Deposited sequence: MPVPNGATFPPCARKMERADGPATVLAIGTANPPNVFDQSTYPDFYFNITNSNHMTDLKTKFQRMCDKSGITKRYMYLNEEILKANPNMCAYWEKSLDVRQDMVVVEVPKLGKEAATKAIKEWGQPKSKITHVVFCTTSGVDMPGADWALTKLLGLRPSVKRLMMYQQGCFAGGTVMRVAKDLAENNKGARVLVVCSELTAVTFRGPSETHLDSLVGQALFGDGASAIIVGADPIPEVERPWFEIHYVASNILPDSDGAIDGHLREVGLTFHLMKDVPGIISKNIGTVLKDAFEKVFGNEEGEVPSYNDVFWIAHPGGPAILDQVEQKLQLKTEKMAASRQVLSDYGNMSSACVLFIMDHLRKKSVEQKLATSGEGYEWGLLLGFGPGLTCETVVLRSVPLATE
């Protein structure tokens, strides 16, 4: 039923896929969260909706967010009344922005990672581009290739309308790309901008208002490869296990639609409840596979900060000690919810802080760790990581 087998025509690698560099970028406009409700109701000309703004100030005060970064600013929003409305035909001006600026922010994040990596751009064999912010043909993967001047034969994978869990997905994608191809070096870019999602307030769409309180802009970039070249490339985290779960009883929990008015956000179930009710089973299953067993307090944690109640309720249900989510909270406070890019920001802070505090390893002390993405399905992406030792 088969011709006689031949050796793998495209050689594969032997070690684990390894993070060799991380770079991050954010748009230049900074928004204090504690005064953001004033700005938001000013720029949306909705100061007559008194009770709604009180509701929004509470949302912002309870977000665990201190500041956010956005491509949008006061000048740009005055120029587009249709994006300041809650529900006006927009998509076209929104697309005109994000199809340009999402590859641009990704390039700034990627240039940093390429620079830290140290190798020539020409060594990049694969490009994985992940966003939730607009679509186009050719995609932001093609645009990033041109902007960076990678070789025209890079193998690309364009991930559009992904959502918050895709920071975990890209790790699972790059794992197989890196491990199945000897010498493959994968450029992974997550890049998100709220220009598709910013909109005016409505008294009957309070979940849309939660989104206005939480979503920020940012781009993160990693170089993934297996078999790092000793004393030339420098490892930081190893990918050893990945898993995907549609959580029980979660149908319709989070929906997002791309419409003539832009991208709309819909909350319809207790998202922190469903995650925290089911996270025990998922991680226990992963740990049996990887180990078959360290404590949850003895591994490092990169958890997507969908919002603070997620991190809070996982922490309680699993009875974690409060430093386990500290790095994930650090990014949420410093940046807000940047959809897919969040976890890669958290990974970078983890390593930087572990180095700077002169700890044993890249993951704040521990040999093993977790990276968790959450979003729409309701989808939980699971990554078991190993760190590297340090001085």
| item | value |
| --- | --- |
| Regions of the deposited sequence not represented in the model | 1-6, 299-303, 403-404 |
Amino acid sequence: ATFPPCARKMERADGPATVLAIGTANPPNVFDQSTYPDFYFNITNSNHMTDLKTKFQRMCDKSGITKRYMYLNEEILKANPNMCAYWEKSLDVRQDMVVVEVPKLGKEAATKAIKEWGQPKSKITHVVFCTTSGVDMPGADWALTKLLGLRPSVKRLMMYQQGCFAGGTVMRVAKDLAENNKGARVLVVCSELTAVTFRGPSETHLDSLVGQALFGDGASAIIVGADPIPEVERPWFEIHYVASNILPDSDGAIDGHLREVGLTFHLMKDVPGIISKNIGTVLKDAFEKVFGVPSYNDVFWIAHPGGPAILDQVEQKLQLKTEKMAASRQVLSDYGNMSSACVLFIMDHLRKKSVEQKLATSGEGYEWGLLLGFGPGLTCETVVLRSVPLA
From here on, numbers count along this sequence of modelled residues.
{"property": "Stretch with the greater mean C-alpha B-factor as recorded in the entry, comparing 268-276 against 313-321", "result": "313-321"}
{"property": "Stretch with the higher entry mean CA B-factor, where the candidates are 351-359 and 336-344", "result": "351-359"}
{"property": "For residue 134, the third of its chain into which the C-alpha B factor falls", "result": "lowest"}
{"property": "Position of residue 104 among the chain's modelled residues by C-alpha B-factor, lowest, middle or highest third", "result": "middle"}
{"property": "CA B-factor ranking of residue 257, expressed as a third of its chain", "result": "lowest"}
{"property": "Chain-wide C-alpha B factor ranking for residue 232, given as lowest, middle or highest third", "result": "highest"}
{"property": "Chain thirds of CA B-factor: placement of residue 291", "result": "highest"}
